[PDB]
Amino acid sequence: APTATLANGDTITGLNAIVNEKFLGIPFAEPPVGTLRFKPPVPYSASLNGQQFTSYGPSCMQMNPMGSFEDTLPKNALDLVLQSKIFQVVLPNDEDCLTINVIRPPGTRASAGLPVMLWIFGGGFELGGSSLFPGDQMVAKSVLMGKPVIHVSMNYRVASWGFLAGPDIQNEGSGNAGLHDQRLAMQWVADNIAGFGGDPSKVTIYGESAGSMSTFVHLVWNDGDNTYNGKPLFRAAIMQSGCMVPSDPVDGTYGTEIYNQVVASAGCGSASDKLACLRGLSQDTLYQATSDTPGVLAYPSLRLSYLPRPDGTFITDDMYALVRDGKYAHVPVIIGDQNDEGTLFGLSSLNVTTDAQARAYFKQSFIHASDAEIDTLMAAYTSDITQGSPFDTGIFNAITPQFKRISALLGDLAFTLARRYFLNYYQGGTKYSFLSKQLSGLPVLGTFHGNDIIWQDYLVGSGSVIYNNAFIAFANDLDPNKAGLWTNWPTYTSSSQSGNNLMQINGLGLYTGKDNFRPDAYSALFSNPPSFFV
């Protein structure tokens, strides 16, 4: 059986998985139960010497997405979404869920000093677990190309458990509990990965969707000071769909609103100390109360009930202002998107069919946007179906007269155009950006949000050369071109720089393009980012 040593020298036993070695379910924090609910994680101090870690531990409590894909999608599109496992609750789950897992090449010794790819799963900040989105394919490919890496994944609290907000949470300084979980795991890696054969100074953090936004957050965490024990917690970052979270502070309007609902539904409305009452709830009651707020696939959609919010200390301010003001770590980065990020989410408002309904929907989703700003917005994103997402599909995929429009808007604000704003202001290091169109032609969704997960962890596709090969090269040499791809990946400086600045993917292979599309939408959304925060 494979073995490894921890920071204090304790020895643990792993699992020989034939194609790789795994150390699963390692506790990195005291169970965030009872009194510790909503609070940052406390490091685990009990000795693990002589123990075995051959199985995943449970995921953190999961919030039902409240969506319905197998009711609106045709077979081929549905099959791919299911294969990606995106937005699917992970079982079993429990509040005692803060474990970390390590996957390494077989025969890896403590002296290997391999680069470490620290993965942050994405599940809309309301569900998900480290057990899904397997790193096996990444590791196998790193070995095949002679640039072996160690894959690390951690669970972090989601929904109310990890992102409860409101005035009480803020006054206590407990905003963004789930992000703290991720932060502690990163510190855990700094202190323990060497004993598994990894090099703590070669950590590349990466994530998809909520995990990509989390990765970005880690760049601006504590205003860009990512040092721990005197050393950077990571040397690079990869963002697969998402960066800045367009959100108001912890004690803002919607955070307080969602909090009041949880408190009321849990039977704590008459408590003199609301937080203490919530902390004294059975696991089931807190779960039920949480189930009484909207899930990610429900009508409010990307107006998430739970998501990272500026707290003033760890995420000190409006995340868009953080990047403009340079409060970030200086590391090279890769950040890309799937051509049609918003299709999955647009499926949550198929009852919005008229221009008037669309306007009403945007107004309720963006409580800070004036009528004038909404006008400009609806002029940038028209009802002309040929201009919506799936992009460049003409009259096709218009399941409703507004689906392609709403999809385009939501995908751009949450992912694609937000990325351009990040790239335009970020000067922390060399930047590389990609835009996938690998699934062009796929009815209804197109190259949808999360499809990269399939080609990164389950199947080999044209995009795999990027999600695997290029990413591994980046984690190894801080340059995706060391992957030896037959198409050079140009560096990105600004959305108006000369020539092609995006590595792109089609059904067969690679090519490059320009990040110059939908400019009026970019200006309509970001002339004042806060007007479109949730």
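Numbers follow the displayed sequence, beginning with 1.
> Looking only at CA atoms, which has the higher mean B factor in the entry: 55-63 or 484-492?
Averaging CA B-factors over each stretch, the winner is 484-492.
> Got a sec? Mean C-alpha B-factor, which is higher, 225-233 or 210-218?
For C-alpha atoms only, the mean B-factor is higher in 225-233.
> Among 290, 456, 338, 383, which residue carries the highest C-alpha B-factor recorded in the PDB entry?
By C-alpha B-factor in the record, 383 ranks first.
> Between 204, 305, 357, 201, which carries the biggest CA temperature factor in the record?
In this record, 357 carries the highest C-alpha B-factor of the candidates.
> Where does the C-alpha B-factor of residue 28 rank in its chain, lowest, middle or highest third?
It belongs to the middle third of the chain when residues are ordered by C-alpha B-factor.
> How does the C-alpha B factor of residue 324 compare with the rest of the chain: lowest, middle or highest third?
Answer is middle: the recorded C-alpha B-factor places it there.
> Within this chain, which third does the Cα B-factor at residue 275 fall in: lowest, middle or highest?
Answer is highest: the recorded C-alpha B-factor places it there.
> Going by what the PDB entry lists, where does residue 309 fall on CA B-factor within its chain: lowest, middle or highest third?
Answer is lowest: the recorded C-alpha B-factor places it there.
> Taking the C-alpha B-factors as the PDB entry records them, is residue 437 in the lowest, middle or highest third of its chain?
Residue 437: CA B-factor falls in the middle third of its chain.
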